[PDB]
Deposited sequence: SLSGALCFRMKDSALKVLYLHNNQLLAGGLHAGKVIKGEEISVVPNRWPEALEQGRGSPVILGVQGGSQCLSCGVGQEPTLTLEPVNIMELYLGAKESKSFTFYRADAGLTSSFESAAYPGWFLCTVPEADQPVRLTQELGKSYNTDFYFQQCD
């Protein structure tokens, strides 16, 4: 079971040039949202830890391992992340549910949230700034 996502401005998340973009105003990329198998080792008051995949979970979103986070799709199967074969923390987001929408906070880089910008058809990225121009709230639709 997968989800399609939109930001709260109704921009559809889809893939182009191996990047998640927000636009398509396109039904959206089918995104795998998989709970981390070992949540006790993480900060769960921030939301439920999940790994986000695309293309049937054959690539997963990472914040990287640099000093400054940056969002990339990495060619790792969610199965390997979910198994313990690969370490998962840079690929883990805390999903906070507000009811209509969810936000996604980097487990590896606290205070950074998945977000979109106002301009159409731009990359999904990360931000520390809430309530400003960056949109950190997302709708799910089930596939």
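Q: Point out each run of deposited residues with no C-alpha coordinates, keeping the order of the sequence.
A: Those stretches are 1 to 5, 31 to 35, 154, listed in order.
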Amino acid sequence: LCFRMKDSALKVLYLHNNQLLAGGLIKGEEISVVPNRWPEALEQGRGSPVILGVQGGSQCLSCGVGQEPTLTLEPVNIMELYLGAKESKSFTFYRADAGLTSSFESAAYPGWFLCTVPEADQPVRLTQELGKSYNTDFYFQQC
From here on, numbers count along this sequence of modelled residues.
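Q: Tell me which stretch has the larger mean Cα B-factor in this entry, 43 to 51 or 110 to 118.
A: Averaging CA B-factors over each stretch, the winner is 43 to 51.
Q: Per the entry, where is the mean C-alpha temperature factor higher: 77 to 85 or 99 to 107?
A: Result of the comparison: 77 to 85.
Q: Between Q67, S62, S58, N36, which one tops the list for C-alpha B-factor in the PDB entry?
A: Most elevated C-alpha B-factor of the set, per the entry: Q67.
Q: C-alpha B factor of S133, ranked within the chain: lowest, middle or highest third?
A: It belongs to the highest third of the chain when residues are ordered by C-alpha B-factor.
Q: Which third, lowest, middle or highest, does the CA B-factor of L25 fall in along this chain?
A: Its C-alpha B-factor, which the entry lists for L25, ranks in the highest third among residues of this chain.
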